[PDB]
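Trainee: Next up is a structure, given as structure tokens.
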Amino acid sequence: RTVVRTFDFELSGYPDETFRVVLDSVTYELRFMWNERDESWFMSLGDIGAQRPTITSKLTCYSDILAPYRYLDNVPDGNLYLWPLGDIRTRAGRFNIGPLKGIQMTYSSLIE
Amino acid sequence: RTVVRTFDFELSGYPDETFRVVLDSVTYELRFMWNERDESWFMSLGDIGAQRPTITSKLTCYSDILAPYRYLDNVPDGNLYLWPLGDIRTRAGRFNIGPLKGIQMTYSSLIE
Amino acid sequence: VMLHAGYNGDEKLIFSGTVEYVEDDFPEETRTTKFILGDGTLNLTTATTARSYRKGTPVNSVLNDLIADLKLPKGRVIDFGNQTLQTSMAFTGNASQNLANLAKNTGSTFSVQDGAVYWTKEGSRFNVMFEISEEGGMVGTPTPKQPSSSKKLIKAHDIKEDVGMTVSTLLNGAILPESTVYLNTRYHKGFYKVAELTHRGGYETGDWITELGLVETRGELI
Amino acid sequence: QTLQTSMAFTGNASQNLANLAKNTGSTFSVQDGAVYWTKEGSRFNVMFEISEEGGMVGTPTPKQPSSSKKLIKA
Amino acid sequence: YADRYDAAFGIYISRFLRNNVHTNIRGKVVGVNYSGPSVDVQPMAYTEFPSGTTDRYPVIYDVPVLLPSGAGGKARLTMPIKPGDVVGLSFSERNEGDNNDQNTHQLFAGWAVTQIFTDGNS
Amino acid sequence: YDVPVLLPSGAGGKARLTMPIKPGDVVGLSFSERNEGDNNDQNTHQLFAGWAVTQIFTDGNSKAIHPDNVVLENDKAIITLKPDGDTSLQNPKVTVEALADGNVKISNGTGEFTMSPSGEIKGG
Amino acid sequence: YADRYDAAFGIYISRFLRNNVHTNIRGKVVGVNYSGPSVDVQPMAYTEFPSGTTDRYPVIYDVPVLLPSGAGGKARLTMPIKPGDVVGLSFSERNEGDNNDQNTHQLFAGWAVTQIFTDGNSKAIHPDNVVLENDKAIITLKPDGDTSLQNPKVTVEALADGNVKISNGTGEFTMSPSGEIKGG
Amino acid sequence: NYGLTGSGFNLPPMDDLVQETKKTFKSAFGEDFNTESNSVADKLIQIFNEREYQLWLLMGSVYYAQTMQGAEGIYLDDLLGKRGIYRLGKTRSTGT
Amino acid sequence: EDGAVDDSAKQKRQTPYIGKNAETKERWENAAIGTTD
């Protein structure tokens with residue numbers, strides 16, 4: 001399953017960010033919510049103007065977020081991962097997500 | 001191989017000039033870079049909006065620049081030469097290129 | 001007629017064509033000459049053609065045959081590859097009209113500009129040939145503007161356009177509709193195609209700026 | 001002059017006449033109730049003279065008679 | 001002449017029909033296929049503008065030929081067509097050979113009649 | 001005036017089915033895009049008659065049609081071919097039928113001649 | 001693209017012709033009336049827009065059928081039309097069935113042709129012969145004088161050289177150019 | 001992009017190298033590292049960078065030394081020496 | 001615009017890694033992320 005890096009993300013730290021992104025020539029809308037007690041980011045994925053999000057999950061490092069969901073016509077077939085740029089023991093935080101902040105959220109697409 | 005003079009060039013001396021020219025009814029974009037240590041002009045040739053230049057070479061007097069490259073569909077079939085107007089021993093410089101500056105960069109096209 | 005403009009040290013070609021119209025009015029104090037110029041109007045509106053092809057003909061051959069009829073230099077073309085006609089075809093009338101019809105059914109953009117023929121594919125774009133920033137004489141912040149005055153029904157080819165933005169800059173004739181630009185601002189950042197240009201100028205009094213209508217891209221990087 | 005091929009005319013009479021104008025170099029136009037049929041290029045005496053005595057207003061200026069240019073055999 | 005607003009639309013519509021909206025035209029057979037009867041038609045009409053320019057129709061390929069027949073093609077009067085026969089040609093509104101074409105009336109040959117007796121071959 | 005009439009024909013006009021057209025027959029008319037009689041006309045679709053079809057059976061002149069038979073007919077002379085081999089020429093005083101079963105029955109009011117499938121030859 | 005003033009009229013005219021100005025179209029017979037010959041036509045062509053929308057012509061009722069005829073309908077070649085035959089259809093400019101309609105070209109069926117030999121139903125054609133044929137009854141005339149009537153058990157040929165060979169499975173009768181008369 | 005490509009040898013400006021190495025430093029110590037004007041690291045990196053510009057220019061000069069165009073001086077003789085042509089030395093005028 | 005994929009658009013060089021924990025990263029990103037090519 002050859003895959004190539006094709007997109008990177010950044011977060012400003014606002015607890016209720018929402019924006020639209022284009023992946024594999026298809027367009028999706030994303031929502032990020034910050035959880036206080038669990039100090040983690042909650043990601044919701046869905047179609048543009050959809051009544052409810054298609055997928056909701058909790059973000060973690062080195063875990064394949066989309067693994068159990070590559071069976072729907074509206075879910076990207078690529079790979080979405082979070083891995084750190086600094087010390088390997090650093091876990092995902094609020095302000096430490098970005099191309100140079102410490103954690104590299106990235107999307108990669110299979111070659112077809 | 002009958003050939004007729006059909007175009008002349010001039011350079012303002014700026015070290016990173018880039019402009020578009022039309023030859024044989026086809027259009028190309030040219031880049032000129034000045035080298036300090038080698039005191040010579042580097043010419044790059046390519047198609048309009050091309051990702052990378054098709055040809056790169058170093059300019060010299062009385063040398064057929066395009067000689068080894070008349071086998072591509074996007075390279076002019078004419079003749080490109082640099083010859084001096086003054087003393088024959090003068091070599092190409094920075095500010096001495098032009099119709100009256102001392103060196104005559106010229107393009108000539110075969111008769112068909 | 002040719003027109004040049006710039007800033008006291010150089011002048012870039014900004015238009016070239018034929019004088020379609022001319023009139024003079026001289027009421028009392030000041031005469032005012034008027035012009036209307038067309039970029040290749042004569043060729044695009046009189047070049048007749050009469051061609052035909054059979055089943056199995058490679059489409060790449062049809063394209064080259066029709067363009068040579070138009071009698072204009074080829075600025076840039078993206079061939080079709082190994083595409084072949086599915087049905088017999090016949091072409092007559094103005095060559096430009098026939099080519100513009102082939103555009104719809106094959107997702108290709110055809111448009112002549114400053115004498116150069118440009119044939120490209122919709123959705124895809126060409127390097128950062130231009131960068132826009134406060135250093136690059138930008139004028140005001142970019143704003144999002146729809147690229148068409150109407151909305152189309154959608155299934156919600158997907159690759160087609162449908163989005164854009166607007167920017168303004170000091171006059172710079174070294175730009176063309178089919179080029180690509182990079183937008184380095186503080187809010188918006190990314191790559192865009194160009195779709196429309198408008199050059200304005202008042203020598204003694206008036207603006208000396210250019211307006212670009214950008215369109216988002218979603219295709220391959222041709 | 002004689003017709004070279006059979007002809008048929010229907011619809012508004014004005015439209016049919018305006019079509020006969022193109023193929024025979026004639027100008028057709030109604031004005032203040034009067035029908036005028038003339039031939040293009042040719043003209044009728046000095047029925048009017050323009051000069052400063054004749055209440056002219058400003059000098060004449062050359063203006064093209066159409067907003068577009070046609071291809072010519074030149 | 002060209003000042004009114006309506007005359008502009010008149011000329012624009014007149015010119016628009018010139019390059020489209022092909023409905024019917026006469027022609028002559030130049031190529032004949034006997035298996036799956038079809039004929040190649042060369043339209044005869046043309047015009048010359050005052051600017052010394054001419055408009056020629058191109059050769060049209062594989063126009064189906066109609067014959068009086070029925071009962072699923074079991075009964076038919078198959079006459080021996082030859083090249084050079086003068087026939088009338090009709091153009092279909094849509095490209096019946098494809099379902100994705102966006103144009104209309106763009107020289108989509110519909111069918112041809114067996115023969116027409118005009119001047120010169122009456 | 002003068003719309004050319006089409007007839008099923010070929011081979012350069014050597015083969016043609018010239019039926020006897022009369023005034024009053026109902027036909028469909030087609031108009032050509034350009035004036036095929038001239039090469040200088042600037043107009044288009046201006047009632048340039050292209051051609052006319054032999055006849056069209058509309059309301060008010062709808063003749064009956066045989067459900068299954070290729071009948072070529074004249075005022076009183078009829079040629080009928082049926083799918084089952086049989087062919088027949090008829091007229092108010094003669095009949096020449098060739099049936100499927102090897103039957104020939106050339107007949108007339110004054111007499112008849114026939115051949116049976118069994119090879120018989122008789123003269124009535 | 002959509003900025004010029006002329007492109008707007010171009011698109012408007014292109015869209016206007018789409019819903020009107022019907023001139024000709026192919027079709028297939030689905031309903032046949034033998035008294036006062038008329039046929040129901042189902043046009044075959046269609047298109048699918050990028051927005052996932054389709055355009056279908058509806059069934060057209062009672063299009064008159066043309067046949068080679070004359071003399072006030074006394075002479076006519078009435079072939080046995082059946083449902084499913086592929087025919088070409090023509091639309092009249094005005095509603096010939098009414099004199100008050102204000103529209104034009106609005107699918108006013110004009111007439112239909114007997115049959116058209118397109119791809120998928122292309123019957124073979126004899127290079128040189130005027131063959132009038134039925135299911136099993138054939139009439140063949142050849143340029144060289146010879147004429148022949150055939151069927152699976154009879155044959156009546158009249159050749160160029162004065163030969164008459166009226167024949168049958170049970171026997172034959174013939175006349176030679178030399179004036180001979182024989183009965184087989 | 002600026003090194004060896006499919007169409008010969010190119011030349012990079014100074015600013016691209018400066019930005020690339022500054023990005024590398026940024027990645028080394030996070031986005032907070034300062035690299036402009038007042039940084040001692042800035043004064044070291046910029047001074048360091050200009051020298052490799054000379055190296056790149058000299059390398060580019062070397063490549064063309066073995067081509068029909070660009071040869072000069074001693075290197076020119078080797079190119080045309082393959083075809084048996086040698087420069088002429090000092091000459092004495094002759095006449096009558 | 002602060003990380004890779006823009007360099008491929010801007011036609012620049014990817015930043016080399018600083019080596020630490022080598023042979024642990026390279027096996028995983030190269031298989032799960034790949035390279036922009």
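Identifiers in the structure tokens: chain A, B, ... in order shown; residue index from 1 per chain; ligand index from 1 in order shown.
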From chain C, collect each residue whose DSSP state is strand (DSSP E) and return the set as a compact mmCIF listing (two decimals) with C-alpha atoms, in the first residue's frame.
Mentor:
```txt
# COMPACT_ATOMS: atom_id res chain seq x y z
CA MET C 2 1.04 48.41 -29.34
CA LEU C 3 0.90 49.86 -25.83
CA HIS C 4 3.61 49.95 -23.15
CA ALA C 5 3.56 50.98 -19.50
CA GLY C 6 5.76 50.84 -16.41
CA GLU C 11 7.86 49.47 -19.99
CA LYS C 12 6.23 46.07 -20.43
CA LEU C 13 4.00 45.18 -23.36
CA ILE C 14 0.41 45.55 -22.17
CA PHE C 15 -1.72 45.15 -25.32
CA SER C 16 -1.36 44.51 -29.04
CA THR C 18 -5.95 46.20 -34.36
CA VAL C 19 -7.86 49.48 -34.27
CA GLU C 20 -11.48 48.35 -34.53
CA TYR C 21 -12.99 51.82 -34.07
CA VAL C 22 -11.85 55.45 -34.04
CA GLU C 23 -13.72 58.74 -33.67
CA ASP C 24 -12.88 62.37 -32.95
CA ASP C 25 -14.89 65.01 -31.10
CA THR C 32 -10.65 63.84 -27.48
CA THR C 33 -9.72 60.88 -29.66
CA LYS C 34 -11.27 57.47 -28.96
CA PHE C 35 -10.12 53.95 -29.79
CA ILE C 36 -11.43 50.40 -29.50
CA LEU C 37 -8.80 47.70 -29.95
CA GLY C 38 -9.26 43.98 -30.51
CA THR C 48 -13.34 29.44 -42.09
CA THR C 49 -12.79 25.69 -42.02
CA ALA C 50 -14.11 22.53 -43.68
CA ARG C 51 -12.85 19.26 -42.19
CA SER C 52 -14.11 15.76 -41.47
CA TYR C 53 -12.87 12.57 -39.84
CA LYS C 74 0.81 28.40 -30.56
CA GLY C 75 1.43 29.85 -27.11
CA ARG C 76 0.92 26.57 -25.27
CA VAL C 77 -0.99 23.33 -25.87
CA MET C 89 -17.15 14.41 -37.00
CA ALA C 90 -17.55 17.32 -39.40
CA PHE C 91 -16.52 20.94 -38.87
CA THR C 92 -17.41 24.06 -40.84
CA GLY C 93 -17.89 27.76 -40.28
CA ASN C 94 -15.47 29.76 -38.18
CA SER C 108 -10.24 21.93 -22.13
CA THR C 109 -9.93 25.72 -22.14
CA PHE C 110 -9.26 27.52 -25.43
CA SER C 111 -8.59 31.25 -25.64
CA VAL C 112 -6.39 33.51 -27.73
CA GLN C 113 -4.51 36.31 -25.99
CA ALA C 116 -0.86 33.63 -28.62
CA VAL C 117 -3.05 30.52 -28.72
CA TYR C 118 -3.50 28.87 -25.32
CA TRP C 119 -5.06 25.41 -24.98
CA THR C 120 -5.16 24.03 -21.43
CA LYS C 121 -7.29 21.75 -19.27
CA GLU C 131 4.13 36.32 -5.68
CA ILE C 132 1.79 38.92 -4.17
CA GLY C 164 -12.26 32.09 -6.61
CA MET C 165 -10.93 35.24 -5.00
CA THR C 166 -9.96 38.79 -5.99
CA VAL C 167 -6.78 40.86 -5.67
CA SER C 168 -5.50 44.22 -6.91
CA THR C 169 -1.96 45.35 -7.64
CA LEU C 170 0.02 48.15 -9.25
CA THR C 180 -0.41 30.96 -11.94
CA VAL C 181 0.16 33.18 -8.90
CA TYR C 182 1.07 32.72 -5.25
CA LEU C 183 -0.75 34.83 -2.65
CA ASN C 184 1.42 35.71 0.37
CA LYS C 189 -2.12 31.94 1.68
CA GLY C 190 -1.96 29.46 -1.18
CA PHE C 191 -1.81 29.02 -4.93
CA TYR C 192 -4.45 30.17 -7.41
CA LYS C 193 -5.11 30.30 -11.11
CA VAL C 194 -5.82 33.54 -12.94
CA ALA C 195 -9.13 33.95 -14.76
CA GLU C 196 -9.53 37.64 -15.61
CA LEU C 197 -7.45 40.81 -15.90
CA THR C 198 -8.32 44.49 -16.11
CA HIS C 199 -5.70 47.19 -16.62
CA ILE C 209 -3.30 49.47 -11.12
CA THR C 210 -4.30 46.01 -12.33
CA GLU C 211 -7.09 43.77 -11.02
CA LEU C 212 -6.86 39.96 -11.01
CA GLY C 213 -9.72 37.50 -10.61
CA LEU C 214 -8.36 34.28 -9.14
CA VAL C 215 -9.95 30.83 -9.22
```
Trainee: Show me, as a tab-separated table, the residues of chain G having an atom within 9 Å of chain C, each with the closest atom pair and its distance in Å, using only C-alpha atoms.
Mentor:
```
residue	atom	partner	partner_atom	distance
G:1	CA	C:195	CA	8.1
G:2	CA	C:148	CA	6.5
G:3	CA	C:148	CA	8.0
G:50	CA	C:157	CA	6.2
G:51	CA	C:154	CA	5.0
G:52	CA	C:155	CA	6.1
```
Trainee: Contacts of residue 112 (chain F) at 10 Å or less, counting only C-alpha atoms, minus same-chain residues fewer than 6 places along, as a JSON list (two decimals) with N, CA, C and O atoms, in the first residue's frame?
Mentor:
```
[["chain", "number", "residue", "atom", "x", "y", "z"],
["F", 94, "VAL", "N", -57.81, -11.29, -65.99],
["F", 94, "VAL", "CA", -56.68, -12.21, -66.06],
["F", 94, "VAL", "C", -56.15, -12.43, -64.65],
["F", 94, "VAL", "O", -56.38, -11.62, -63.75],
["F", 95, "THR", "N", -55.43, -13.54, -64.47],
["F", 95, "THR", "CA", -54.80, -13.85, -63.20],
["F", 95, "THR", "C", -53.63, -14.78, -63.44],
["F", 95, "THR", "O", -53.77, -15.82, -64.09],
["F", 96, "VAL", "N", -52.46, -14.41, -62.92],
["F", 96, "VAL", "CA", -51.26, -15.23, -63.03],
["F", 96, "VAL", "C", -50.67, -15.42, -61.64],
["F", 96, "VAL", "O", -49.92, -14.56, -61.15],
["F", 105, "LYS", "N", -50.93, -21.43, -62.17],
["F", 105, "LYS", "CA", -52.32, -21.45, -62.58],
["F", 105, "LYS", "C", -52.63, -20.25, -63.48],
["F", 105, "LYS", "O", -53.59, -19.52, -63.27],
["F", 106, "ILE", "N", -51.80, -20.04, -64.50],
["F", 106, "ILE", "CA", -52.06, -18.99, -65.48],
["F", 106, "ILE", "C", -53.48, -19.16, -65.99],
["F", 106, "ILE", "O", -53.83, -20.20, -66.56],
["F", 122, "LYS", "N", -51.65, -29.07, -67.92],
["F", 122, "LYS", "CA", -53.00, -29.12, -68.46],
["F", 122, "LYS", "C", -53.33, -27.79, -69.13],
["F", 122, "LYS", "O", -52.78, -26.74, -68.79],
["F", 123, "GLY", "N", -54.25, -27.86, -70.08],
["F", 123, "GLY", "CA", -54.78, -26.67, -70.73],
["F", 123, "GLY", "C", -56.28, -26.62, -70.66],
["F", 123, "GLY", "O", -56.96, -27.47, -71.26],
["F", 124, "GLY", "N", -56.83, -25.65, -69.95],
["F", 124, "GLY", "CA", -58.26, -25.54, -69.79],
["F", 124, "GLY", "C", -58.94, -24.95, -71.01],
["F", 124, "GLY", "O", -59.43, -23.82, -70.98]]
```
Trainee: Interatomic distance between CA of residue 11 (chain I) and CA of residue 7 (chain H)?
Mentor: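 Distance between the two atoms: 15.8 Å.
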Trainee: I'd like a table as JSON lines: residues in chain F with an atom no more than 9 Å from chain E, each row giving the shortest atom pair and its distance in Å to one decimal, only C-alpha atoms counted, sorted by chain and rising residue number.
Mentor:
```
{"residue": "F:3", "atom": "CA", "partner": "E:118", "partner_atom": "CA", "distance": 8.4}
{"residue": "F:4", "atom": "CA", "partner": "E:118", "partner_atom": "CA", "distance": 5.3}
{"residue": "F:5", "atom": "CA", "partner": "E:117", "partner_atom": "CA", "distance": 5.9}
{"residue": "F:6", "atom": "CA", "partner": "E:116", "partner_atom": "CA", "distance": 4.1}
{"residue": "F:7", "atom": "CA", "partner": "E:115", "partner_atom": "CA", "distance": 6.0}
{"residue": "F:8", "atom": "CA", "partner": "E:114", "partner_atom": "CA", "distance": 5.2}
{"residue": "F:9", "atom": "CA", "partner": "E:115", "partner_atom": "CA", "distance": 5.7}
{"residue": "F:10", "atom": "CA", "partner": "E:81", "partner_atom": "CA", "distance": 4.4}
{"residue": "F:11", "atom": "CA", "partner": "E:82", "partner_atom": "CA", "distance": 4.9}
{"residue": "F:12", "atom": "CA", "partner": "E:85", "partner_atom": "CA", "distance": 5.6}
{"residue": "F:13", "atom": "CA", "partner": "E:85", "partner_atom": "CA", "distance": 7.6}
{"residue": "F:15", "atom": "CA", "partner": "E:79", "partner_atom": "CA", "distance": 7.4}
{"residue": "F:16", "atom": "CA", "partner": "E:79", "partner_atom": "CA", "distance": 8.3}
{"residue": "F:30", "atom": "CA", "partner": "E:24", "partner_atom": "CA", "distance": 7.6}
{"residue": "F:31", "atom": "CA", "partner": "E:24", "partner_atom": "CA", "distance": 6.9}
{"residue": "F:32", "atom": "CA", "partner": "E:24", "partner_atom": "CA", "distance": 5.2}
{"residue": "F:33", "atom": "CA", "partner": "E:24", "partner_atom": "CA", "distance": 6.0}
{"residue": "F:34", "atom": "CA", "partner": "E:45", "partner_atom": "CA", "distance": 6.7}
{"residue": "F:35", "atom": "CA", "partner": "E:45", "partner_atom": "CA", "distance": 7.4}
{"residue": "F:36", "atom": "CA", "partner": "E:45", "partner_atom": "CA", "distance": 5.2}
{"residue": "F:37", "atom": "CA", "partner": "E:45", "partner_atom": "CA", "distance": 8.1}
{"residue": "F:38", "atom": "CA", "partner": "E:45", "partner_atom": "CA", "distance": 8.1}
{"residue": "F:39", "atom": "CA", "partner": "E:47", "partner_atom": "CA", "distance": 4.7}
{"residue": "F:40", "atom": "CA", "partner": "E:47", "partner_atom": "CA", "distance": 5.5}
{"residue": "F:41", "atom": "CA", "partner": "E:47", "partner_atom": "CA", "distance": 7.0}
{"residue": "F:42", "atom": "CA", "partner": "E:47", "partner_atom": "CA", "distance": 7.7}
{"residue": "F:43", "atom": "CA", "partner": "E:14", "partner_atom": "CA", "distance": 8.2}
{"residue": "F:44", "atom": "CA", "partner": "E:18", "partner_atom": "CA", "distance": 7.6}
{"residue": "F:50", "atom": "CA", "partner": "E:26", "partner_atom": "CA", "distance": 7.2}
{"residue": "F:51", "atom": "CA", "partner": "E:116", "partner_atom": "CA", "distance": 7.3}
{"residue": "F:52", "atom": "CA", "partner": "E:116", "partner_atom": "CA", "distance": 8.8}
{"residue": "F:68", "atom": "CA", "partner": "E:71", "partner_atom": "CA", "distance": 8.0}
{"residue": "F:70", "atom": "CA", "partner": "E:75", "partner_atom": "CA", "distance": 7.5}
{"residue": "F:83", "atom": "CA", "partner": "E:75", "partner_atom": "CA", "distance": 8.7}
```
Trainee: Those same residues - N, CA and C atoms - I'd like them written as a short mmCIF file (atom, residue, chain, number, x, y, z; two decimals), in the first residue's frame.
Mentor:
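The file below, again05.cif, is the result:
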```cif
data_model
loop_
_atom_site.label_atom_id
_atom_site.label_comp_id
_atom_site.auth_asym_id
_atom_site.auth_seq_id
_atom_site.Cartn_x
_atom_site.Cartn_y
_atom_site.Cartn_z
N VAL F 3 -40.45 22.51 -56.84
CA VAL F 3 -39.74 21.72 -55.83
C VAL F 3 -39.40 20.35 -56.40
N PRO F 4 -38.13 19.95 -56.45
CA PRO F 4 -37.81 18.63 -57.01
C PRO F 4 -38.47 17.51 -56.21
N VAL F 5 -38.86 16.46 -56.92
CA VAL F 5 -39.57 15.32 -56.34
C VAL F 5 -38.60 14.16 -56.23
N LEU F 6 -38.61 13.48 -55.08
CA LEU F 6 -37.74 12.34 -54.88
C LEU F 6 -38.49 11.04 -55.18
N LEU F 7 -37.78 10.09 -55.77
CA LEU F 7 -38.29 8.75 -56.01
C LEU F 7 -37.21 7.74 -55.69
N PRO F 8 -37.57 6.54 -55.23
CA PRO F 8 -36.54 5.53 -54.97
C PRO F 8 -35.86 5.12 -56.27
N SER F 9 -34.58 5.44 -56.38
CA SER F 9 -33.84 5.23 -57.62
C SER F 9 -32.36 5.10 -57.29
N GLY F 10 -31.60 4.68 -58.30
CA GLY F 10 -30.18 4.52 -58.13
C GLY F 10 -29.50 4.24 -59.45
N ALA F 11 -28.23 3.84 -59.36
CA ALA F 11 -27.44 3.49 -60.54
C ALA F 11 -27.39 4.63 -61.55
N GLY F 12 -27.42 5.87 -61.07
CA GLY F 12 -27.38 7.02 -61.95
C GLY F 12 -28.69 7.29 -62.64
N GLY F 13 -29.80 6.95 -61.98
CA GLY F 13 -31.11 7.18 -62.54
C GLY F 13 -31.58 6.13 -63.52
N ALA F 15 -32.38 3.02 -62.69
CA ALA F 15 -33.42 2.28 -61.98
C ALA F 15 -34.22 3.25 -61.14
N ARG F 16 -35.54 3.26 -61.32
CA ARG F 16 -36.39 4.22 -60.63
C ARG F 16 -37.83 3.75 -60.71
N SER F 30 -39.79 20.16 -47.61
CA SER F 30 -38.60 20.48 -46.84
C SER F 30 -37.89 21.68 -47.46
N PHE F 31 -37.32 22.52 -46.60
CA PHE F 31 -36.65 23.75 -47.02
C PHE F 31 -35.16 23.62 -46.78
N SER F 32 -34.37 24.02 -47.77
CA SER F 32 -32.92 23.94 -47.66
C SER F 32 -32.36 25.14 -46.90
N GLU F 33 -31.21 24.93 -46.25
CA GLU F 33 -30.59 26.00 -45.49
C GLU F 33 -30.17 27.16 -46.38
N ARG F 34 -29.61 26.87 -47.55
CA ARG F 34 -29.08 27.90 -48.44
C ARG F 34 -29.74 27.77 -49.81
N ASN F 35 -29.72 28.86 -50.56
CA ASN F 35 -30.32 28.90 -51.90
C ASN F 35 -29.44 28.10 -52.85
N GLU F 36 -29.75 26.81 -52.96
CA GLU F 36 -28.95 25.91 -53.79
C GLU F 36 -28.93 26.33 -55.25
N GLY F 37 -29.85 27.18 -55.69
CA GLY F 37 -29.83 27.67 -57.06
C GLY F 37 -28.91 28.85 -57.30
N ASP F 38 -28.34 29.43 -56.24
CA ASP F 38 -27.45 30.57 -56.38
C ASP F 38 -26.36 30.48 -55.33
N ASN F 39 -25.21 31.09 -55.63
CA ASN F 39 -24.06 31.07 -54.74
C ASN F 39 -23.74 32.42 -54.12
N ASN F 40 -24.57 33.45 -54.35
CA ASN F 40 -24.30 34.78 -53.83
C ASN F 40 -25.32 35.25 -52.80
N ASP F 41 -26.39 34.49 -52.58
CA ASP F 41 -27.41 34.92 -51.63
C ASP F 41 -26.83 34.99 -50.22
N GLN F 42 -27.19 36.06 -49.51
CA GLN F 42 -26.69 36.29 -48.16
C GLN F 42 -27.63 35.75 -47.08
N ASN F 43 -28.87 35.42 -47.42
CA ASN F 43 -29.83 34.97 -46.43
C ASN F 43 -29.72 33.46 -46.22
N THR F 44 -30.49 32.96 -45.26
CA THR F 44 -30.54 31.53 -44.98
C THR F 44 -31.93 31.16 -44.50
N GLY F 50 -36.29 22.59 -50.83
CA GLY F 50 -35.29 21.56 -51.02
C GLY F 50 -35.78 20.39 -51.86
N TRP F 51 -36.92 19.82 -51.48
CA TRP F 51 -37.47 18.67 -52.18
C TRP F 51 -38.81 18.32 -51.55
N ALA F 52 -39.53 17.42 -52.21
CA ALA F 52 -40.83 16.96 -51.76
C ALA F 52 -40.90 15.45 -51.81
N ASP F 68 -50.30 -7.38 -43.47
CA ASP F 68 -49.07 -8.07 -43.88
C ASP F 68 -49.09 -8.46 -45.35
N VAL F 70 -46.86 -7.01 -49.21
CA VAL F 70 -46.21 -5.99 -50.03
C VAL F 70 -46.97 -5.87 -51.35
N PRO F 83 -45.62 -13.34 -47.76
CA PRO F 83 -44.39 -13.92 -47.19
C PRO F 83 -44.24 -15.40 -47.47
#
```
Trainee: Would you mind listing what lies within 10 Å of region 18-28 of chain I as a list in words, with only C-alpha atoms counted and same-chain residues fewer than 2 positions away left out?
Mentor: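 Counting only the stated atoms, we get residues 62, 83, 84, 85, 86, 87 and 88 of chain A; 24, 27 and 28 of chain H; 15, 16, 30, 31, 32, 33 and 34 of chain I.
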Trainee: Taking only C-alpha atoms into account, report as a list in words which residues of chain I lie within 12 Å of chain B.
Mentor: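 Written out as asked, the residues are residues 8, 9, 10 and 11 of chain I.
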Trainee: Would you list which chain D residues are within 9 Å of chain C using only C-alpha atoms, as a PyMOL selection string?
Mentor: chain D and resi 57-64+66-71
Trainee: Excluding same-chain residues fewer than 6 positions from region 33-41 of chain B, what lies within 9 Å of it counting only C-alpha atoms, as JSON, numbers by chain?
Mentor: {"B": [13, 14, 15, 16, 17, 18, 57, 58, 59, 60, 92, 93, 94], "H": [11, 54, 57, 58, 60, 61, 70]}
Trainee: Set the distance at 6 Å and use only C-alpha atoms: which residues neighbour residue 109 (chain B) once local chain neighbours fewer than 3 positions away are removed? I'd like the list as a ChimeraX atom specification.
Mentor: /B:3-4,78
Trainee: From a backbone DSSP assignment, name each residue in region 10-73 of chain D labelled alpha helix (DSSP H), as a list in words.
Mentor: residues 13, 14, 15, 16, 17, 18, 19, 20, 21 and 22 of chain D
